[PDB]
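Reviewing the structure listed below.
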Amino acid sequence: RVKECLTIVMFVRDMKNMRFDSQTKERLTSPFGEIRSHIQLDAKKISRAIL
Amino acid sequence: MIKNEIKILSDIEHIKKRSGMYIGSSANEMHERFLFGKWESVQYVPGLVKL
Amino acid sequence: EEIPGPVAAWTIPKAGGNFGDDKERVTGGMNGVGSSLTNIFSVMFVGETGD
Ligand SMILES: Nc1ncnc2c1ncn2[C@@H]1O[C@H](COP(=O)(O)OP(=O)(O)NP(=O)(O)O)[C@@H](O)[C@H]1O
């Protein structure tokens, strides 16, 4: 109910070790450790900026 | 400097090195799922259940 | 058989320079089959690559 009232425009550039589960390539099955190590986005800034 | 070497793997090592492509999520995670009538929050490893 | 570069990239699948190491590659390609998939479902095709 919190996250149901948002539209999100997320563009990520220059990532490594991407893994998608299909030739359709529509969704990422990469492990969360590599994505969390690559992403240095301050999500708490987004939380205080939409709070 | 980053290292660019093209490697070609056999299918046993392709499965054993890229395990998220073929058995799904390979980490101990939590899900809200149906069990015996109850939608409950429980924690497990999905790969053994998938196999 | 000795097949040159762009024609093997565009007609025969499992061909590409995206089969390298996952720790260095920033491109999203992992198949080698894509321009063959484009060319197979086309009744006319011309393609020029100048190097
Ligand atoms: N027009 C082109 N320009 C550049 N590279 C090309 C072109 N056509 C074919 N290729 C090469 O051949 C491959 C095309 O097949 P494709 O299935 O797209 O491979 P991929 O890029 O490894 N995988 P994916 O993009 O996820 O489908 C690419 O990886 C390129 O290296």
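Please note that chains go A, B, ... in the order of the structure tokens, that every chain numbers its residues from 1, and that ligands are numbered from 1 in the order shown.
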
Within 10 Å of ligand 1, which residues of chain C show up? Give each one with its shortest atom-to-atom distance in Å (one decimal) and the two atoms involved, counting only C-alpha atoms and all ligand atoms, rows by chain then rising residue number, as JSON lines.
{"residue": "C:5", "atom": "CA", "partner": "ligand 1", "partner_atom_place_in_ligand_line": "11 (C)", "distance": 9.1}
{"residue": "C:6", "atom": "CA", "partner": "ligand 1", "partner_atom_place_in_ligand_line": "8 (N)", "distance": 6.9}
{"residue": "C:7", "atom": "CA", "partner": "ligand 1", "partner_atom_place_in_ligand_line": "9 (C)", "distance": 8.7}
{"residue": "C:8", "atom": "CA", "partner": "ligand 1", "partner_atom_place_in_ligand_line": "12 (O)", "distance": 8.1}
{"residue": "C:9", "atom": "CA", "partner": "ligand 1", "partner_atom_place_in_ligand_line": "9 (C)", "distance": 4.3}
{"residue": "C:10", "atom": "CA", "partner": "ligand 1", "partner_atom_place_in_ligand_line": "8 (N)", "distance": 5.2}
{"residue": "C:11", "atom": "CA", "partner": "ligand 1", "partner_atom_place_in_ligand_line": "9 (C)", "distance": 8.7}
{"residue": "C:12", "atom": "CA", "partner": "ligand 1", "partner_atom_place_in_ligand_line": "12 (O)", "distance": 9.2}
{"residue": "C:13", "atom": "CA", "partner": "ligand 1", "partner_atom_place_in_ligand_line": "15 (O)", "distance": 6.8}
{"residue": "C:14", "atom": "CA", "partner": "ligand 1", "partner_atom_place_in_ligand_line": "15 (O)", "distance": 6.8}
{"residue": "C:15", "atom": "CA", "partner": "ligand 1", "partner_atom_place_in_ligand_line": "12 (O)", "distance": 5.2}
{"residue": "C:16", "atom": "CA", "partner": "ligand 1", "partner_atom_place_in_ligand_line": "31 (O)", "distance": 3.3}
{"residue": "C:17", "atom": "CA", "partner": "ligand 1", "partner_atom_place_in_ligand_line": "31 (O)", "distance": 4.1}
{"residue": "C:18", "atom": "CA", "partner": "ligand 1", "partner_atom_place_in_ligand_line": "22 (O)", "distance": 4.6}
{"residue": "C:19", "atom": "CA", "partner": "ligand 1", "partner_atom_place_in_ligand_line": "22 (O)", "distance": 6.2}
{"residue": "C:20", "atom": "CA", "partner": "ligand 1", "partner_atom_place_in_ligand_line": "22 (O)", "distance": 9.3}
{"residue": "C:27", "atom": "CA", "partner": "ligand 1", "partner_atom_place_in_ligand_line": "21 (O)", "distance": 7.6}
{"residue": "C:28", "atom": "CA", "partner": "ligand 1", "partner_atom_place_in_ligand_line": "26 (O)", "distance": 5.8}
{"residue": "C:29", "atom": "CA", "partner": "ligand 1", "partner_atom_place_in_ligand_line": "21 (O)", "distance": 3.2}
{"residue": "C:30", "atom": "CA", "partner": "ligand 1", "partner_atom_place_in_ligand_line": "22 (O)", "distance": 3.5}
{"residue": "C:31", "atom": "CA", "partner": "ligand 1", "partner_atom_place_in_ligand_line": "23 (N)", "distance": 3.5}
{"residue": "C:32", "atom": "CA", "partner": "ligand 1", "partner_atom_place_in_ligand_line": "19 (O)", "distance": 3.2}
{"residue": "C:33", "atom": "CA", "partner": "ligand 1", "partner_atom_place_in_ligand_line": "17 (O)", "distance": 3.5}
{"residue": "C:34", "atom": "CA", "partner": "ligand 1", "partner_atom_place_in_ligand_line": "17 (O)", "distance": 3.2}
{"residue": "C:35", "atom": "CA", "partner": "ligand 1", "partner_atom_place_in_ligand_line": "8 (N)", "distance": 4.8}
{"residue": "C:36", "atom": "CA", "partner": "ligand 1", "partner_atom_place_in_ligand_line": "15 (O)", "distance": 7.0}
{"residue": "C:37", "atom": "CA", "partner": "ligand 1", "partner_atom_place_in_ligand_line": "17 (O)", "distance": 7.7}
{"residue": "C:38", "atom": "CA", "partner": "ligand 1", "partner_atom_place_in_ligand_line": "8 (N)", "distance": 9.1}
{"residue": "C:39", "atom": "CA", "partner": "ligand 1", "partner_atom_place_in_ligand_line": "8 (N)", "distance": 9.8}
{"residue": "C:47", "atom": "CA", "partner": "ligand 1", "partner_atom_place_in_ligand_line": "1 (N)", "distance": 8.3}
{"residue": "C:48", "atom": "CA", "partner": "ligand 1", "partner_atom_place_in_ligand_line": "1 (N)", "distance": 9.0}
{"residue": "C:49", "atom": "CA", "partner": "ligand 1", "partner_atom_place_in_ligand_line": "1 (N)", "distance": 8.1}

Quick one: which residues from chain B are at most 8 Å off chain C, using only C-alpha atoms, as a PyMOL selection string? chain B and resi 2-8

Write out, as a Markdown table, each residue of chain B that has an atom at most 9 Å from chain A, together with the closest pair of atoms and their distance in Å to one decimal, counting only C-alpha atoms, rows going by chain and rising number.
| residue | atom | partner | partner_atom | distance |
| --- | --- | --- | --- | --- |
| B:20 | CA | A:29 | CA | 6.7 |
| B:21 | CA | A:21 | CA | 5.7 |
| B:22 | CA | A:21 | CA | 7.9 |
| B:24 | CA | A:29 | CA | 7.6 |
| B:25 | CA | A:29 | CA | 7.9 |
| B:26 | CA | A:31 | CA | 8.8 |
| B:27 | CA | A:31 | CA | 8.9 |

Produce a file of the selected residues containing N, CA and C atoms, as a PDB file, in the first residue's frame.
ATOM      1  N   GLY B  20      22.793 -18.971 -10.914  1.00  0.00           N
ATOM      2  CA  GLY B  20      21.563 -18.195 -10.882  1.00  0.00           C
ATOM      3  C   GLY B  20      20.777 -18.216 -12.180  1.00  0.00           C
ATOM      4  N   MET B  21      21.406 -18.636 -13.281  1.00  0.00           N
ATOM      5  CA  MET B  21      20.733 -18.674 -14.574  1.00  0.00           C
ATOM      6  C   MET B  21      19.775 -19.862 -14.645  1.00  0.00           C
ATOM      7  N   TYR B  22      20.093 -20.965 -13.962  1.00  0.00           N
ATOM      8  CA  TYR B  22      19.388 -22.223 -14.187  1.00  0.00           C
ATOM      9  C   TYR B  22      18.604 -22.775 -12.999  1.00  0.00           C
ATOM     10  N   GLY B  24      17.528 -20.609 -10.508  1.00  0.00           N
ATOM     11  CA  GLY B  24      16.836 -19.469  -9.944  1.00  0.00           C
ATOM     12  C   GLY B  24      17.607 -18.789  -8.834  1.00  0.00           C
ATOM     13  N   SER B  25      16.902 -18.380  -7.783  1.00  0.00           N
ATOM     14  CA  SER B  25      17.541 -17.756  -6.634  1.00  0.00           C
ATOM     15  C   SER B  25      18.294 -18.809  -5.834  1.00  0.00           C
ATOM     16  N   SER B  26      19.583 -18.570  -5.611  1.00  0.00           N
ATOM     17  CA  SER B  26      20.462 -19.512  -4.929  1.00  0.00           C
ATOM     18  C   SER B  26      20.980 -18.927  -3.622  1.00  0.00           C
ATOM     19  N   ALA B  27      20.116 -18.218  -2.900  1.00  0.00           N
ATOM     20  CA  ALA B  27      20.465 -17.622  -1.621  1.00  0.00           C
ATOM     21  C   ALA B  27      19.347 -17.870  -0.619  1.00  0.00           C
TER      22      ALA B  27
END

Can you tell me, as a PyMOL selection string, which residues in chain B count as strand (DSSP E or B) by DSSP? chain B and resi 29-35+38-44

Test item, helix (DSSP H, G or I) assignment across chain B, answer as a VMD selection string: chain B and resid 11 to 17 19 to 22 46 to 50

Quick one: which residues from chain A are at most 9 Å off chain C, using only C-alpha atoms, as a PyMOL selection string? chain A and resi 14-19+23

Quick one: pull the distance between CA of residue 13 (chain A) and CA of residue 25 (chain A), Å, one decimal.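 Atom-to-atom, CA of residue 13 (chain A) to CA of residue 25 (chain A), that is 17.0 Å.
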
Shell of 9 Å around residue 51 (chain B), only C-alpha atoms, local chain residues under 4 positions omitted, as a PyMOL selection string: chain B and resi 23+46-47
